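[1] sequence, then structure. It's an experimental one.
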Amino acid sequence: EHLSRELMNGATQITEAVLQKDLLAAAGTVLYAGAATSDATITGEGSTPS
Amino acid sequence: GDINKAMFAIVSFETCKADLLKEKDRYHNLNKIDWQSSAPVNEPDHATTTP
């Protein structure tokens, strides 16, 4: 019983994480805080931190 | 080959807490029941049409 319960909890967690990552990757309107224009530009140090 | 000679029969059915509370004197140890852990999704053996 314990093994089956843990198996099912793992399955639900995995499927929810899979949905969330697809949602994040398929975003249409994207804003970068600060002066960044790409994922590589985000920086926490400088005149304008992101 | 005869139903009347059977020693035991075991059935699995779906109920809610209100159904059990309909006859309070009949049932004991309701407070210890884990309602989250015994959902139909946990038990594969029960065959049902519930999503």
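    Yes, it's here. Residues are numbered from 1 along each chain as shown, chains lettered A, B, ... in the order given.

[2] can you give me the helices for chain A?
    A:2-25 (DSSP state H).

[3] chain B contacts on that one?
    Within reach of chain B by C-beta under 8 Å from any C-beta of the partner chain, chain A has these residues: A:4-5, A:8. In this view, the C-beta of every residue, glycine as well, is placed from N, C-alpha and C.

[4] what about whatever residue of chain B ends up closest to chain A, how many neighbours?
    Closest residue of chain B to chain A, C-beta to the nearest C-beta: residue B:42 (5.9 Å). The number of residues packed near residue B:42 is 15, by other C-beta atoms under 10 Å in any protein chain shown.

[5] correct me if wrong: it contacts residue A:9.
    No - in this structure, residue B:42 is not within contact of residue A:9 by C-beta atoms under 8 Å, at 9.0 Å.

[6] show me where chain B has strands.
    Read by DSSP state E, chain B holds no strands at all.

[7] which residues touch the residue most central in space within it?
    For chain B, residue B:13 is the residue whose C-alpha lies nearest the centre (C-alpha atoms, centre = their mean; 4.6 Å). By C-beta atoms under 8 Å, 6 or more residues apart in numbering or on different chains, no residues touch residue B:13.

[8] against residue A:26, how distant is it?
    Per C-beta to C-beta, to the nearest Å, residue B:13 is found 43 Å from residue A:26.

[9] likewise residue B:43?
    35 Å.

[10] looking at these two, which is more packed in?
    Set residue B:43 next to residue A:26 and count neighbours by other C-beta under 10 Å: residue B:43 wins out with 14 against 7.

[11] residues from chain B in reach of chain A?
    Neighbours of chain A within chain B, by C-beta under 8 Å from any C-beta: B:37, B:41-42, B:44.

[12] go again using 10 Å as the cut-off
    Within chain B, the positions near chain A by C-beta under 10 Å from any C-beta of the partner chain are B:37-39, B:41-45.

[13] looking at those residues, which is nearest residue B:3?
    For those, the minimum distance to residue B:3 (C-beta to C-beta) is 22.3 Å, reached by residue B:45.
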